[PDB]
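Participant: requesting a structural model of the entry that follows:
(one chain, ligands or ions: 1)
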Amino acid sequence: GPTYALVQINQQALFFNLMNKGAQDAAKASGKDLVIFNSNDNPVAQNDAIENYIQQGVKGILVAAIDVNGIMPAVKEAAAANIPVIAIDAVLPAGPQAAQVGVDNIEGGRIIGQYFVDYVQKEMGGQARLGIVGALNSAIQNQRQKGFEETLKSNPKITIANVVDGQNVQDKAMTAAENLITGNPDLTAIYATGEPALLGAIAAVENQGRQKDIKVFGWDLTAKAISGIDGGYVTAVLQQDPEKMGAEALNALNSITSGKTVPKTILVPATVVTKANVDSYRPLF
Ligand SMILES: [Mg+2]
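Facilitator: Residues are numbered from 1 along each chain as shown. Now the structure:
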């Protein structure tokens, strides 16, 4: 049977397909047989697949959980069978998993914030009036917002016009961003905490014809964000590295099964994407 199994969310999103690639490349490069289970957005099938791989005597399991609470009985079953489990992307609650691979969202906010501060100094005359489009219903995006805001203290001439809630839905983000723009004629920049907020902010800037004088910063590349980078009004987009997450997770299983230590948490850095480095991402979109 297979040596390792990766229990995956779906194969529609680029993020998961890149994670698959990273894990499979690392398996092939280390002479290991990895099978990947596409659960097609079905959390029950994730649980059942884990049980199946336990019965098959796999040597290690990777999981990107849909339901971080609902997956735990199956994770615990793997532990009772002495099969190491590494979680990737979604953070599981405390349990017997050997490691968690993922991103530090606060720190990602800090990294694009530091870029923003330098950009303000170099290209915006050392002062900016910022609006934020967040997602109040999102733990992750609230952290992304917090980390960005922390960096801004390094330039007291960056001040906040307002903070609005895009509700993690592109249309609501667009409406919110449009009212943010019309309400604040002095606004010169927008930070968006995730893909729907970023797409909504982009659409608002375009709808208001403000491509020349509002600079947009945010998270999660899309073809639309790339078009904005090429058009000059999307300045920087923070992009996660799921391929490296998959590679790190697989290599960690090799370490564990070899009898060697691995850290309980493996944080994979994100990349700030600008005009300078967007070319390397073009083939993915
Ligand atoms: Mg700089």
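Participant: can you get me a residue count around residue 156?
Facilitator: 8 (other C-beta atoms under 10 Å). For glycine as for every other residue, the C-beta is placed from the backbone atoms N, C-alpha and C.
Participant: for it, grab phi and psi.
Facilitator: phi -60, psi -10 (degrees, to the nearest 10).
Participant: tell me how far it lies from residue 145.
Facilitator: Residue 156 is 19 Å from residue 145, where distance means C-beta to C-beta, to the nearest Å.
Participant: then residue 96?
Facilitator: Distance from residue 96 to residue 145, by C-beta to C-beta: 33 Å.
Participant: do the same with residue 95
Facilitator: Taken as C-beta to C-beta, the span from residue 95 to residue 145 is 28 Å.
Participant: separation between the closest residue to residue 15 other than its chain neighbours and residue 158?
Facilitator: Take residue 15 and drop its neighbours on the chain: the residue closest to it by C-beta to C-beta, 6 or more residues apart in numbering is residue 242, 4.7 Å away. Distance, residue 242 to residue 158, using C-beta to C-beta: 31 Å.
Participant: which of these two has more neighbours?
Facilitator: Counted by other C-beta under 10 Å, residue 242 and residue 158 do not tie: residue 242 has more neighbours, with 26 against 23.
Participant: quick one, what contacts that one?
Facilitator: Taking C-beta atoms under 8 Å, 6 or more residues apart in numbering, we find residue 242 in contact with 15-16, 18-19, 22, 89.
Participant: swap in residue 204?
Facilitator: Here residue 204 is in contact with 174, 177-178, 180-181 (C-beta under 8 Å, 6+ apart).
Participant: most neighbours among these, please name it.
Facilitator: residue 177 (30 neighbours).
Participant: which SSE is that one in?
Facilitator: helix 170-183 (DSSP states H and E).
Participant: which residue ranges make up each domain of this structure?
Facilitator: 1-101+243-266, 102-242+267-285 (curated CATH domains).
Participant: what segments of the protein are helices?
Facilitator: Ranges of helices in the chain, per DSSP state H, are 14-29, 43-55, 72-80, 105-123, 139-152, 170-183, 195-207, 223-231, 242-257.
Participant: where does the residue nearest to the spatial centre of the chain fall, phi/psi-wise?
Facilitator: Geometric centre of the chain, nearest residue: residue 240, 4.6 Å, by C-alpha atoms, centre = their mean. Residue 240 has phi and psi values of phi -70, psi 170 when expressed as degrees, to the nearest 10.
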